[PDB]
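Encoded as structure tokens, the structure appears first; notes follow it.
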Amino acid sequence: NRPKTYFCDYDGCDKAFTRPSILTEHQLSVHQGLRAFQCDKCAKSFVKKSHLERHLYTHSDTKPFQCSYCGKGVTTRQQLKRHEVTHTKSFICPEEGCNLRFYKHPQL
DNA sequence: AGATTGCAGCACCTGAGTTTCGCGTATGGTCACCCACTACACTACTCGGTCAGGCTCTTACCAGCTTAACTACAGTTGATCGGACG
Ligand SMILES: [Zn+2]
Ligand SMILES: [Zn+2]
Ligand SMILES: [Zn+2]
Ligand SMILES: [Zn+2]
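Quick note, full-length UniProt numbering runs 43 ahead of the 1-based positions in the first sequence.
Take a look at the structure:
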């Protein structure tokens with residue numbers, strides 16, 4: 044919506060941003076080499092609250108997305124969708140007019 | 001010097017210029033969520049080479065003979081070869 048009208052000034056940086064706090068998040072993270080959210084359970088650190096929140100689940104068994112078929116736990120919707128698509132007849136015969144459909148790619 | 005009258009002084013209701021304000025309307029700004037793309041390391045089924053098993057084909061025969069060619073003996077002549085020349 045609103046136009047990108049805050050330009051990073053550093054040598055060899057191309058980026059422009061919508062609102063000045065975001066330009067500052069970029070500058071402190073990329074160019075100065077500082078981060079604002081530390082893991083309690085390992086050495087790593089993160090640039091956003093949502094990124095530390097994802098990393099915190101990785102230290103735990105009670106992972107926040109749970110499979111509808113097998114009940115395996117995962118941390119975000121992309122992982123869930125890819126995993127659940129393995130519980131489907133995903134693959135299709137690529138050859139002309141052939142009707143068949145398959146569950147594991149080596150079968151196809 | 002009184003009957004007629006104006007000045008103008010008192011008080012209280014009122015009006016605008018000026019101000020402060022509330023909202024619309026709309027605009028830049030915070031920040032929280034969750035999505036897309038990327039990617040190092042991984043999961044797992046198939047293909048592929050190799051091997052055995054054991055069923056399978058096809059050979060060619062023994063000494064002799066009897067149909068078939070070689071395989072040695074044998075003689076004057078080549079032209080690379082040694083090793084020395086230019
Ligand atoms: Zn930059
Ligand atoms: Zn950690
Ligand atoms: Zn599952
Ligand atoms: Zn097919």
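Ideal Cβ placement from N, Cα and C applies to all residues, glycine included.
Asked, Found
"Every unbroken beta strand (DSSP E) within the region 78–118, with a cutoff of 3 residues, ordered by chain", "none"
"Secondary structure of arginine 144, DSSP reduced to three states", "strand"
"Own chain partners of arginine 78 with C-beta closer than 7 Å, once the 5 adjacent residues on each side are dropped", "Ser72, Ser88, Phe89 and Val90"
"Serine 93 versus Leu143, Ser111, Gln81 and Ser103, residue with shortest Cα-Cα distance", "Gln81"
"For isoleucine 135: DSSP bridge partner residues", "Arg144"
"Exposure of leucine 66, with buried meaning 16 or more beta-carbon neighbours within 10 Å", "buried"
"Residue 42 versus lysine 115 - alpha carbon distance", "Residue 42 is absent from the structure shown; the chain starts at 44 and stops at 151."
"Terminal residues of the alpha helix (DSSP H) in which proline 63 lies", "63–69"
"Proximity of residue 32 and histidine 130 at Cβ, strictly below 8 Å", "Absent from the structure is residue 32, since the part of the chain shown begins at 44 and ends at 151."
"Residues that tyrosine 49 bridges to, as DSSP identifies them", "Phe60"
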